[PDB]
2 protein chains.
Amino acid sequence: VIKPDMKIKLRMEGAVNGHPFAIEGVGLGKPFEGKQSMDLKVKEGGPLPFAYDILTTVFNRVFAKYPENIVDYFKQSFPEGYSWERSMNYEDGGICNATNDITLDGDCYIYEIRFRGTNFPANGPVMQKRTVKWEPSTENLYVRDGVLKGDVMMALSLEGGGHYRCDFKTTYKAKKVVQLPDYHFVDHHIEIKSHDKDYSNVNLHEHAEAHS
Amino acid sequence: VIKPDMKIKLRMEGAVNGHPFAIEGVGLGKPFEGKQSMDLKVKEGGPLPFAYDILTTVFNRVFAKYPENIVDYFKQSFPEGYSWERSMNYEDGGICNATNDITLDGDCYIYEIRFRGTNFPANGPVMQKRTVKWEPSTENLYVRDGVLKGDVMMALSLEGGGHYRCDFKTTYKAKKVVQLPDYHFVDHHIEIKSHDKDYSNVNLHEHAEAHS
């Protein structure tokens, strides 16, 4: 029931280092081509006093190009959907955790999202908005305990060159019971194409292709 | 001074969970094509009572295909060479550490290697030789503190399907002073093409291509 063009609707409630915030978002993409884009406005918490970049990767692996020879765990899970939970460890001690429950409403995906970030040093790159972008990545996906795990080593580039390392660990739980895939990879590039002064409005893209 | 075909000569002294061992090895490869193969015989410690797989990734990123648009940190470092140090953390608590100093002797690379593994549960996949192979990987390389770091998430497949997760963290120190590269990746596939009953003799291949 996956369609060539589908839309996205999402809200995130969160808090980073004690500062609460709420973001909502609208966008669309092509599930079979692995491309997507979305617009995101801050509803509460504005202006955010931390790097927006830490949030962007939380903003649905259904939007990945999956070759025929690989089982699409995500596209199979619909219309019932699936959820995922992710830990995010930054080398300077900051931790972020996030869940997203994903449901289908016609042709438009709905994300319910929760986000908690903490232990970011005050003088760190996240608290001082010194991040620039996520470098591209390759996520490693493998089956464990009947669900689907996703691990990836991430790096934010910083002001002056230089990189800020984060490790993502993700678990994907399909609602219904779906066919499980062998070990494979998903390349990612995520970009903020544009934004206003304090990232209250943000336009975000990500293309992703699975392979072996 | 890098040549189309070059040879490898290597010795490793080590110990895993208290059991000492020594391995030597001869092989060759094509630096510019990222392919290599080697033969490895156990000299002391035979037969090894642990998974051979934990060793194989220690057995020279000069053997990677580097496109023109990317700085080859390794190929630049010669004939003086370079060394590297790697931590290897397995999810079941076992840790391995390893260094390799790499020198050129004519057309043949020489590896001096040290290896320490410990804290592997007795009933674990490494102590019970239940590993099958390393899944392919994508290593993320970035510059830090004037040297070159290399991080990669690895998985050993196991008996019965299922996977054993390890995180590699590697630092590469060139001897001389060489040009430093931007963030990039190196895909790896490493295979034991053949071996005798107890892995005393082993034939090992790895192809690797850098990209962006």
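Residues numbered from 1 in each chain as written, not as in the entry; some residues may be left out. Chains lettered and ligands numbered in written order. Heavy atoms only, no water.

As summarised from the PDB record, the model derives from X-ray crystallography at a stated resolution of 2.800 Å.

Draft legend 1. The packing of aromatic side chains, seen in detail. Tallied over the entire structure, the rule returns 36 aromatic pairs over all chains. Between the aromatic rings of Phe-63 of chain A and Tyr-109 of chain A, the centroid separation amounts to 5.4 Å while the plane-to-plane angle is 80°, which identifies the pairing as edge-to-face. Of this pair, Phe-63 of chain A sits in the loop between α1 (53–56) and β4 (82–90) while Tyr-109 of chain A sits in strand β6 (residues 108–118); the two residues are 46 residues apart in sequence, bridging distant segments of the chain. Considered together, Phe-63 of chain A and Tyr-109 of chain A belong to a single accessibility category, that of buried residues. Pairing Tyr-52 of chain B with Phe-59 of chain B gives two aromatic rings, centres 6.1 Å apart and planes at 35°, and the pair type is tilted. Classification of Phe-59 of chain B as buried rests on a relative accessible area of 5%. Three or more aromatic residues joined by ring pairs make a cluster, and in this case those are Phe-63, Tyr-66, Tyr-73, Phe-74, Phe-78, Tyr-82, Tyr-109 and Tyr-172 of chain A. Above the plane of the ring of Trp-84 of chain A lies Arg-86 of chain A, whose end atom (NZ or CZ) is 4.0 Å from the centre. (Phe/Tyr/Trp six-rings, centres within 6.5 Å; stacked < 30°, edge-to-face > 60°. Helix = DSSP H or I, 4+ residues; strand = E, 2+ residues; numbered from the N terminus. Buried < 20%, exposed > 50% of the residue type's maximum accessible area, 1.4 Å probe, protein only. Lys NZ or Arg CZ within 6 Å of the ring centre and 35° of its normal.)

Draft legend 2. Focus on the interface of chain B and chain A. Taken together, the contact between chain B and chain A spans 19 residues of the former and 19 residues of the latter. Interface area, chain B with chain A, both sides summed: about 1700 Å², of which 56% is carbon and sulfur. Summed over the shared surface of chain B and chain A, the result is four salt bridges. The closest approach of N and O atoms between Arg-144 of chain B and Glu-91 of chain A, which form a salt bridge, is 2.6 Å. At the surface where chain B touches chain A, the tally comes to four residue pairs in polar contact. (Contact = heavy atoms within 4.5 Å. Buried area = accessible area lost by both parts, 1.4 Å probe. Salt bridge = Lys/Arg side-chain N within 4 Å of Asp/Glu carboxyl O. Polar contact = N/O pair within 3.5 Å; in protein donor to acceptor, adjacent residues only side chain to side chain.)

Draft legend 3. Quick look at the UniProt feature "binding site: Cu(2+) 2" (unreviewed entry) in chain A. All names here are of chain A. Under the present numbering, the feature "binding site: Cu(2+) 2" (unreviewed entry) in UniProt falls on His-205 and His-207. Residue position: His-205 is located in strand β12 (residues 201–211). By relative accessible area, which is 25% here, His-205 ends up partly exposed. Not counting chain neighbours up to four residues away, the residues in contact with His-205 comprise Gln-36, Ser-37, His-189, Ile-190, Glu-191 and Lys-193. Mapped onto the elements of the fold, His-207 is located in strand β12. (UniProt positions renumbered as here; feature names shortened; annotations may be inferred.)

Draft legend 4. View of the relation of the copies chain B and chain A. Of the transformation placing chain B onto chain A, the axial shift is 0.0 Å and the rotation is 180°, giving an RMSD of 0.0 Å. Expressed as an axis order, the relation between the two copies is that of a two-fold axis. Interface overlap between copies: 100% of the residues of chain B at the interface are likewise at the interface in chain A, consistent with a symmetric, same-surface contact. (Least-squares fit on C-alpha atoms.)

Draft legend 5. View of the side chain of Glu-135 of chain A. With respect to the element layout, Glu-135 of chain A can be found in the loop between β7 (131–134) and β8 (137–144). Using a relative accessible area of 12% as the deciding quantity, one classes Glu-135 of chain A as buried. A polar side-chain atom of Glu-135 of chain A sits 2.8 Å from a polar atom in the side chain of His-163 of chain A. Aside from chain neighbours lying at most four places away, what touches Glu-135 of chain A is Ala-155, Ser-157 and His-163 of chain A together with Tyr-183 of chain B.

Draft legend 6. Geometry of the pairing of strand β3 (residues 35–44) of chain A. Residue and element names in this part refer to chain A. Here strand β2 (residues 19–30) runs beside β3; their pairing, made up of nine bridges, is antiparallel. Its bridge partner lying in β3, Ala-22 is registered against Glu-44. Note that β3 and β12 share seven bridges and pair antiparallel. What sits directly across from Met-38, in β12, is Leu-204. (Pairing = 2+ DSSP bridges.)

Draft legend 7. Geometry of the environment of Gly-150 of chain B. All names here are of chain B. With respect to the helices and strands, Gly-150 occurs in strand β9 (residues 147–158). Linking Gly-150 and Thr-171, residues 21 residues apart in sequence, is a C-alpha distance of 6.2 Å. Apart from residues no more than four positions distant in its own chain, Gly-150 is found in contact with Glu-139, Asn-140, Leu-141, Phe-168, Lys-169, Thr-170 and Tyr-172.

Draft legend 8. A look at the UniProt feature "binding site: Cu(2+) 1" (unreviewed entry) in chain A. All names here are of chain A. Those residues carrying the UniProt feature "binding site: Cu(2+) 1" (unreviewed entry) are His-195 in this numbering. Position of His-195 relative to the elements: it lies in strand β11 (residues 184–195). With a relative accessible area of 38%, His-195 lands in the partly exposed category. The residues touching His-195, leaving out its near neighbours within four places in the chain, are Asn-201 and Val-202.

Draft legend 9. View of the pattern of salt bridges. In the structure shown here, the tally under the stated rule is 30 salt bridges over all chains. Salt-bridge contacts for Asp-107 of chain A lead to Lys-7 of chain A; the nearest nitrogen and oxygen are separated by 2.1 Å. Where salt bridges share partners, they join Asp-151 and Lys-169 of chain A together with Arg-165 and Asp-167 of chain B into one cluster.

Draft legend 10. Up close: unusual backbone geometry. All names here are of chain B. Residue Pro-47 is bonded to the preceding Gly-46 through a cis peptide linkage, with omega at -15°. Mapped onto the secondary structure, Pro-47 falls in the loop between β3 (35–44) and α1 (53–56). Cis rather than trans, the peptide bond between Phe-78 and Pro-79 has omega equal to 5°. Note on placement: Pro-79 falls in the loop between α1 and β4 (82–90).

Draft legend 11. Region of the structure containing the pairing of strand β9 (residues 147–158) of chain A. Residue and element names in this part refer to chain A. Within β9, eleven of the twelve residues are buried, which leaves it mostly tucked inside the rest of the structure. The sheet contact formed by β7 and β9 spans three bridges and is antiparallel. Bridge assignment links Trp-134 to a residue of β9, and that residue is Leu-156. For β8 and β9, the ladder comprises five bridges, and the chain directions are antiparallel. Residue pairing for β9: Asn-140 is matched across the bridge by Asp-151. Bridging between β9 and strand β10 (residues 163–174) involves ten bridges; their strand directions are antiparallel. Within the sheet, the bridge partner assigned to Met-153 lies in β10 and is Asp-167. Hairpin remark: β9 followed by β10, antiparallel, with four residues in the connecting loop; positive phi at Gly-160, about 105°.

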